[PDB]
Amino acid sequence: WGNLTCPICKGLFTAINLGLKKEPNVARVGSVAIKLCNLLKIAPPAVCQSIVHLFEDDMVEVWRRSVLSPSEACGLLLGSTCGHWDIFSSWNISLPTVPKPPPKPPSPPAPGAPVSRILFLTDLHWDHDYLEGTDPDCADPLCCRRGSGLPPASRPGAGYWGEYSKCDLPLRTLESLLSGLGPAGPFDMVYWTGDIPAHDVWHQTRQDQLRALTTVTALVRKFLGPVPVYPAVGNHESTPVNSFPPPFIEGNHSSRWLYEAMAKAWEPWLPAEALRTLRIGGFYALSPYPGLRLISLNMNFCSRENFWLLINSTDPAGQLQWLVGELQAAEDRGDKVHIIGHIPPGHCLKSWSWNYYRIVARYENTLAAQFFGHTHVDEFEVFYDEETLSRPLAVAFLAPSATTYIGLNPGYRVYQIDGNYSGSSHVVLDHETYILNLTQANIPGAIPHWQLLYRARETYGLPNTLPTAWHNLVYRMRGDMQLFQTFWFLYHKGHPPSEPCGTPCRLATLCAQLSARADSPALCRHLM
């Protein structure tokens, strides 16, 4: 008799559920996973053990509530008649019935119009345990630190200011960054888009994450003084890394410990309005200038690595629907909008990325600039119209990281933006990138000098930095290897790998520049 298959399936996963609520069973799950982690040589056995113990609690809870949930598992196994499998099912937010205005590019600024200067910091990745002289090529996922051991005699230990390896930064190198800003300023505001702790993800307590938050926050406030700083939340701020339960998780395993600390650390910078949304889901909007609205998104709700989204990936925290409300209100007032975030939209989950793309196309006249980080290299994402995928209408700048991780010079970014006056377009006009050349900074007894690496319009011959200029740059680089090599050099903050980037590497790199929407290979149809 097959009329009983659904009842026994539900009985199995119901009993599975209550078994996995008991911590001796959770520990047993961990032990097997540690044993497999060691067999497949993912990491040294100390790291295998540490990372599984850190992850196992929230991970088993999520699986219990999603994949192993009776209505889900039995939906998958036995079809819609028994349950309903909807893990990562597709979803859509709703645009308002206001008609889209005719597409209108930004006006060229009048001669002598005000220019706003924005400092951009991202992926600082302070490593409290950074240790000069240790092995840069140790067996762990992060080196140059306490516990990395010592290098072989043939190779130098980690340099004093950092190293070209899988290493993060000592605090003094961030202090040095902030202390050298004078020539690059003055700044009207700072956009600070996330990733304060380092990549020592196998052992990160809530307290070391908070000490990363509070130490680096106080360091930037000391060097930037009264200049406003607008943070965005990176994927490394939480513990375990990428763990960002949406607001429907209450209780202690939620992100309240993190967002509330951010609200107290960033109170000098954000108005009360902003601090309220920051406590709920780590995003907010404010008004830097009359006529300009800034929106700081928590991209961890789009993230492929945010395992909590297995429970429910549909617009987590209602953030995209909230974003639509702000963009519409901005369109109604004639405001322009800056968006800042950490993970770039092209790297998000499919549904989230497709909805964001739709929002950007709809509000192309109102959105004036987009700024992201997370990849640590210097690149960008072009957005196109939904109807034909061929009219460029927005561009996201992905700034490179202050951290070395992996193999790079430290760097940061400055934007010139159409400034503070009525009728301003508020679009990026040009940008510059500064690096510390570790090859010369790590000379014993040298004092670090942060150097201008390049300015965008001058090295690429751009007449402006509107979306069409970046579209055009990609197709120029398709046919001009020398120009692509310049881009590849700068992509790595002046320290490119020694293995040549040949024809497939180039095409893949160029494709990423046009891929502002995930899982959309048609965007690259003119490259391959």
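Note that residue numbering follows the sequence shown and begins at 1.
Of the two stretches examined, 260 to 268 and 103 to 111, the record assigns the greater average C-alpha temperature factor to 260 to 268. Averaged over their C-alpha atoms, the temperature factors of 19 to 27 and 507 to 515 are higher for 19 to 27.
Across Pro170, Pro316, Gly341, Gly411, the greatest Cα temperature factor reported in the deposited entry is at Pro170.
In the deposited coordinates, the residue among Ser296, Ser401, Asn235, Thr81 with the greatest CA B-factor is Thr81. Sorting the modelled residues of the chain by their CA temperature factor places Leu523 in the lowest third. The PDB entry assigns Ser422 a C-alpha temperature factor belonging to the middle third of its chain's modelled residues. Per the PDB record, residue ranking by Cα B-factor puts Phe120 in the lowest third of the chain. Ranked by C-alpha B-factor against the other modelled residues of its chain, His431 falls in the lowest third. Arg221: CA B factor in the highest third of modelled residues in this chain (values from the PDB entry).
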